[PDB]
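Peer 1: Before I ask anything, let me first share the structure, which is written out below as structure tokens.
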Amino acid sequence: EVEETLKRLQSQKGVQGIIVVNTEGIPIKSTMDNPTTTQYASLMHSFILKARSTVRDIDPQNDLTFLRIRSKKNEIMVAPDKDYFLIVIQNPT
Amino acid sequence: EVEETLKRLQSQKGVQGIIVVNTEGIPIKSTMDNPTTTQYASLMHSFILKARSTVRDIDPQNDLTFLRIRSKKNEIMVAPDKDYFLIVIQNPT
Amino acid sequence: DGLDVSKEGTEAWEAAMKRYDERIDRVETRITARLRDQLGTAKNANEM
Amino acid sequence: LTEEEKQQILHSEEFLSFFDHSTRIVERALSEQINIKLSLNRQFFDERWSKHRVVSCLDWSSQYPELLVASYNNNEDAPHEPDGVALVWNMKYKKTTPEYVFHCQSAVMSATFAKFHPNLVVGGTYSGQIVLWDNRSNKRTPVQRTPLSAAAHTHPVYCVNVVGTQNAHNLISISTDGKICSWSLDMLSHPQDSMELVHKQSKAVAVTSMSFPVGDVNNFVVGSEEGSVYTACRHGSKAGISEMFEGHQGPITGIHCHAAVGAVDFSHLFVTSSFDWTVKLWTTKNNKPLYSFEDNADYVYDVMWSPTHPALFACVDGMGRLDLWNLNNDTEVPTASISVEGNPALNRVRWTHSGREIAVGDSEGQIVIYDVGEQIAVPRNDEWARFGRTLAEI
Numbered sequence: 003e004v005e006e007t008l009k010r011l012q013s014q015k016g017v018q019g020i021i022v023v024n025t026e027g028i029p030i031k032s033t034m035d036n037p038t039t040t041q042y043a044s045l046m047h048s049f050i051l052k053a054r055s056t057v058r059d060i061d062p063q064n065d066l067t068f069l070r071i072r073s074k075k076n077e078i079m080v081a082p083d084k085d086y087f088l089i090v091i092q093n094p095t
Numbered sequence: 003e004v005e006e007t008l009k010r011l012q013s014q015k016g017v018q019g020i021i022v023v024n025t026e027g028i029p030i031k032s033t034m035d036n037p038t039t040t041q042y043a044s045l046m047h048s049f050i051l052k053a054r055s056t057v058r059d060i061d062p063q064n065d066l067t068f069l070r071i072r073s074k075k076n077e078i079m080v081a082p083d084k085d086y087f088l089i090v091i092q093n094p095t
Numbered sequence: 534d535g536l537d538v539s540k541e542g543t544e545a546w547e548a549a550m551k552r553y554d555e556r557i558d559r560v561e562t563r564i565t566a567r568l569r570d571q572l573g574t575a576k577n578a579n580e581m
Numbered sequence: 182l183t184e185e186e187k188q189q190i191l192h193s194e195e196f197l198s199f200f201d202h203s204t205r206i207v208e209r210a211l212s213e214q215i216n217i264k265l266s267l268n269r270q271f272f273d274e275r276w277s278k279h280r281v282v283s284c285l286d287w288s289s290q291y292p293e294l295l296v297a298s299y300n301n302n303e304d305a306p307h308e309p310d311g312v313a314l315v316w317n318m319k320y321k322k323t324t325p326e327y328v329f330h331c332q333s334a335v336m337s338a339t340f341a342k343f344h345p346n347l348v349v350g351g352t353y354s355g356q357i358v359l360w361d362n363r364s365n366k367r368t369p370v371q372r373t374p375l376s377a378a379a380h381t382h383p384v385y386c387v388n389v390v391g392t393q394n395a396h397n398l399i400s401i402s403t404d405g406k407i408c409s410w411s412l413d414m415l416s417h418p419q420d421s422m423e424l425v426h427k428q429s430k431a432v433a434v435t436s437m438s439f440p441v442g443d444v445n446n447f448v449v450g451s452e453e454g455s456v457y458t459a460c461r462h463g464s465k466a467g468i469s470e471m472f473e474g475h476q477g478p479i480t481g482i483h484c485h486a487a488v489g490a491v492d493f494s495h496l497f498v499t500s501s502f503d504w505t506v507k508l509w510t511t512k513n514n515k516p517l518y519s520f521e522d523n524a525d526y527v528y529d530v531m532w533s534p535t536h537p538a539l540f541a542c543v544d545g546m547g548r549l550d551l552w553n554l555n556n557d558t559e560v561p562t563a564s565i566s567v568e569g570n571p572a573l574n575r576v577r578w579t580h581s582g583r584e585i586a587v588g589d590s591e592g593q594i595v596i597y598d599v600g601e602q603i604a605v606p607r608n609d610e611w612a613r614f615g616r617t618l619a620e621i
């Protein structure tokens with residue numbers, strides 16, 4: 003299913019915006035506008051590819067399955083397994 | 003107290019005291035094997051800096067102190083203040 | 534019975550203790566039964 | 182830059198922000214959640276080096292609990308074939324061959340791992356020479372060899388053991404004639420100390436087993452070939468035999484001090500394995516054998532205390548049965564008892580330092596690695612008190 007997935011992933015906290023990304027970056031979906039979603043998700047994809055390289059450095063068998071950065075202004079979410087790259091815009095708290 | 007910080011940190015699971023990495027990639031504190039931790043901290047510093055650039059692209063007022071690089075083996079807690087970057091190896095359990 | 538010094542009191546005590554020995558022989562039968570039903574294995578230790 | 186300015190900047194007092202940072206991140210990172264019986268364990272039996280050639284001694288490496296030294300002694304099939312062979316067998320991965328093979332000129336009669344050198348195996352042979360084996364070298368020949376002089380051992384040495392701290396070691400060895408000698412692990416050219424064990428004046432001891440109590444290195448217990456166990460002091464004014472024990476009417480074939488710690492001490496206890504199926508739970512402080520487990524027609528060959536359970540101990544037999552006696556659980560029947568197939572006379576037992584698994588020797592060379600039930604292996608915290616009470620029983 004699609005709509006139920008986003009609806010449940012969103013209303014759990016009244017999340018500002020999430021779109022489903024099953025491809026490597028460049029998502030055409032949108033939740034609040036096309037740019038702030040697409041370009042930011044592409045930047046996230048580029049960053050997490052490097053992060054995956056980083057985790058593979060210490061041992062190549064390692065892979066990143068879960069990633070969160072909680073900063074003073076935003077909390078960014080992504081849980082990659084093979085192509086499933088999450089995006090979450092949410093308050094730091 | 004630095005020693006108080008060390009004893010507080012070592013109490014955490016899978017953590018060997020406190021190891022602090024400056025902006026040069028060389029850990030100011032020594033707790034693990036030097037070459038592995040130095041290269042690991044250098045890659046750490048590089049990708050946290052590119053993450054800083056990434057966030058400042060759209061968030062020119064946010065600061066980075068929290069990041070959960072978790073794998074199926076261990077999680078690394080990386081926390082930069084301004085020069086001292088704490089790296090903490092902890093079991094996911 | 535206790536400090537009771539009536540010899541017939543001793544006799545009543547003897548009846549009480551022959552009843553005691555009746556329970557005791559019930560015990561003897563039980564322990565001998567467990568004996569024999571646990572026997573037949575060999576001589577060594579926990580066998581005989 | 183270099184490792185001096187960092188020290189001063191650490192000594193600088195701008196760390197309140199850093200300290201608050203560390204406090205916050207640690208206290209926030211504190212919460213953690215998740216994301217989502265006796266058994267034949269293994270076999271070890273060479274064929275090139277283990278045709279007949281009965282087992283003689285076994286040991287586990289303290290530094291590498293996955294390694295086991297064997298010592299296959301008798302050569303009777305082919306005089307041309309190697310006389311004495313020592314095998315080291317690994318535990319991490321299963322292979323049909325020993326990880327390394329060592330051949331000594333004579334017949335090796337005992338062997339063990341060195342503590343200081345984690346890459347070295349030292350064994351005593353039948354000739355009387357203490358023999359090294361450096362696993363770095365690619366030469367199967369012994370690396371360093373003690374001389375067969377009057378100063379060193381000149382009789383079949385059957386007991387070797389290196390003890391002490393990592394910075395204070397002494398390879399002790401005592402031979403059948405009874406001459407104790409200590410060597411430096413790195414220098415075996417000369418016996419750094421020796422002394423001939425003697426009982427009451429003019430009475431040598433036909434020594435055939437030893438065991439150092441855990442921790443102590445100065446006093447120990449020795450088991451003679453004459454059925455009478457003794458306690459000796461390794462170093463001191465009373466250096467030598469200090470006790471005469473009635474023991475058993477058969478030659479001692481094994482001895483071992485207690486192998487557990489954590490609660491009320493039991494190191495004064497030690498079990499001996501005699502030559503008439505009479506293992507003797509028994510202590511140094513007393514003089515009478517505390518108890519006399521007996522059964523069987525055959526007779527034991529070795530006995531070892533469990534490294535973790537302060538009651539359990541193994542017991543070999545000539546009919547091939549290995550039985551674990553858990554004293555607290557019971558004192559009359561083997562708590563566990565199974566016979567290896569083909570009823571061969573087992574000859575050695577060596578518990579793994581972990582205590583979770585047991586080895587056994589063999590009359591044909593097939594070392595069997597037995598595993599044990601969890602409930603039958605790990606003792607409880609109450610177990611020590613129960614052991615104390617059982618000993619207090621008599």
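Chains as they are written, first to last, in the authors' numbering: chain H, 3 to 95; chain G, 3 to 95; chain A, 534 to 581; chain C, 182 to 217, 264 to 621. C-beta atoms are modelled at their ideal positions from N, C-alpha and C, and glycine is treated no differently.
Name the chain H residues that come within less than 8 angstroms of G:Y42, Cβ to Cβ?
Peer 2: Chain H residues near G:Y42: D59 and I60.
Peer 1: Can you find a C-beta in chain G that's less than 7 angstroms from the C-beta of H:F87?
Peer 2: Cβ-Cβ to chain G under 7 angstroms: no for H:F87.
Peer 1: With distances taken Cα to Cα, identify the nearest neighbour of C:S288 among C:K278, C:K264, C:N302 and C:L347.
Peer 2: Closest by alpha carbon: C:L347.
Peer 1: For chain C, check one thing: does any of its Cβ atoms lie closer than 7 angstroms to the Cβ of G:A53?
Peer 2: No, G:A53 lies away from the interface with chain C (no Cβ there is under 7 angstroms from its Cβ).
Peer 1: Pick helix, strand or coil for C:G582, following the three-state DSSP scheme.
Peer 2: The answer is coil: DSSP assigns C:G582 none of H, G, I, E or B.
Peer 1: Looking at C:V456: is its Cβ nearer than 7 angstroms to the Cβ of C:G474?
Peer 2: The answer is yes: Cβ separation under 7 angstroms.
Peer 1: Among C:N302, C:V315 and C:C284, which residue has its Cα nearest to the Cα of C:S436?
Peer 2: It is C:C284 whose Cα lies nearest to the Cα of C:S436.
Peer 1: Around the C-beta of C:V488, are 16 or more other C-beta atoms found within 10 angstroms, so that it is buried, or is it exposed?
Peer 2: Exposed, since its Cβ has fewer than 16 Cβ neighbours within 10 Å.
Peer 1: Taking all protein chains shown into account, do 16 or more other C-beta atoms lie within 10 angstroms of the C-beta of G:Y86, making it buried, or fewer, making it exposed?
Peer 2: Buried is the call here.
Peer 1: Quick check on the burial criterion: 16 or more other C-beta atoms within 10 angstroms. Buried or exposed for residue 1 of chain G?
Peer 2: Past the boundaries of the shown model lies residue 1 of chain G; chain G is included only from 3 to 95, so the question cannot be answered.
Peer 1: If I measure Cβ to Cβ from H:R54 and keep anything under 8 angstroms in the same chain, skipping five residues before and after, which residues do I get?
Peer 2: Answer for H:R54: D65, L66 and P82, listed in chain order.
Peer 1: May I have the straight-line CA-CA distance separating C:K342 from C:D413, to the nearest angstrom?
Peer 2: Straight-line Cα distance between these residues: approximately 12 angstroms.
Peer 1: Let's test the definition: count the other Cβ atoms within 10 Å of the Cβ of C:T392 and tell me whether it reaches 16, buried, or not, exposed.
Peer 2: Under this definition C:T392 is an exposed residue.
Peer 1: State yes or no: is the C-beta of C:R577 within less than 7 angstroms of the C-beta of C:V282?
Peer 2: Not a contact, by the Cβ cut-off of 7 angstroms.
Peer 1: Taking three-plus beta-carbon pairs below 8 angstroms as touching, is the stretch 485 to 503 of chain C in contact with the stretch 524 to 538 of chain C?
Peer 2: Result yes; three or more Cβ-Cβ pairs closer than 8 angstroms.
Peer 1: Could you check which residue in C:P561, C:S421 and C:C331 has the C-alpha nearest to that of C:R367?
Peer 2: Nearest of C:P561, C:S421 and C:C331 to C:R367, Cα basis: C:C331.
Peer 1: If you follow the alpha helix (DSSP H) that G:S13 is part of, which residue opens it and which one closes it?
Peer 2: G:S13 -> no alpha helix (DSSP H), and no H or E assigned at all.
Peer 1: Considering only the alpha carbon of each residue, which of C:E591, C:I594, C:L573 and C:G600 lies closest to C:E584?
Peer 2: Cα-wise, what sits closest to C:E584 is C:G600.
Peer 1: Starting from H:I20, trace the beta strand (DSSP E) both ways and give me its first and last residue.
Peer 2: Here H:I20 belongs to no beta strand (DSSP E), and DSSP marks it neither H nor E.
Peer 1: In the DSSP assignment, what are the bridge partners of C:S421?
Peer 2: The partner list for C:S421 (beta bridge, DSSP) reads C:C408.
Peer 1: I need the boundaries of the beta strand (DSSP E) containing C:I596, first residue and last residue.
Peer 2: C:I596 -> beta strand (DSSP E) spans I594 to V599.
Peer 1: Cβ of G:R72 within 7 angstroms of Cβ of G:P94?
Peer 2: Closer than 7 angstroms, so yes.
Peer 1: Go ahead and label C:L517 buried or exposed: buried means 16 or more other beta carbons lie within 10 angstroms of its beta carbon, across all protein chains shown.
Peer 2: With fewer than 16 other Cβ atoms within 10 Å, it is exposed.
Peer 1: Is DSSP giving A:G542 helix, strand or coil here?
Peer 2: Looking at A:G542 - three-state DSSP - the assignment turns out to be helix.
Peer 1: Measure the C-alpha to C-alpha separation of C:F447 and C:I482 and round it to an integer number of angstroms.
Peer 2: Straight-line Cα distance between these residues: approximately 11 angstroms.
Peer 1: Looking at chain G, is there any beta carbon in it that lies within less than 7 angstroms of the beta carbon of H:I28?
Peer 2: For H:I28, the answer is no, since every Cβ of chain G falls outside 7 angstroms of its Cβ.
Peer 1: Quick test of your reading: C:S451 and C:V434, contact by CB under 8 angstroms. State the CB separation rounded to the nearest angstrom.
Peer 2: The Cβ separation is near 6 angstroms, so the contact holds.
Peer 1: Could you please give me the residues that DSSP links to G:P29 through a beta bridge?
Peer 2: Answer is G:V23.
Peer 1: Report the neighbours of H:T67 on chain G: residues whose CB is nearer than 8 angstroms to its CB, in chain order.
Peer 2: Chain G residues near H:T67: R72, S73 and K74.
Peer 1: Could you name the residues of chain G that H:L45 contacts, counting a contact when the two beta carbons are closer than 9 angstroms?
Peer 2: Neighbours of H:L45 on chain G, chain order: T56, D59 and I60.
Peer 1: Spell out whether any CB of chain H is found under 7 angstroms from the CB atom of G:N36.
Peer 2: Answer no: the Cβ-Cβ gap between G:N36 and chain H never drops below 7 angstroms.
Peer 1: Taking C:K465 as the reference, give the member of C:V425, C:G477, C:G355 and C:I399 with the closest Cα.
Peer 2: Checking every option, the nearest Cα to that of C:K465 belongs to C:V425.
Peer 1: I want to see whether chain G comes within less than 7 angstroms of C:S193, judged by CB atoms only; does it?
Peer 2: Taking Cβ atoms only, chain G never reaches closer than 7 angstroms to C:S193, which makes this a no.
Peer 1: Return the residue from the list C:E308, C:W316 and C:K507 that minimises the CA-CA distance to C:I596.
Peer 2: Considering only alpha carbons, the answer is C:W316.
Peer 1: So, with DSSP's three-state summary, where would you put G:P82?
Peer 2: G:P82 falls in the strand class under three-state DSSP.
Peer 1: What residue from G:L69, G:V22, G:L8 and G:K84 has the CA that sits closest to C:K187's CA?
Peer 2: The shortest C-alpha separation from C:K187 is found at G:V22.
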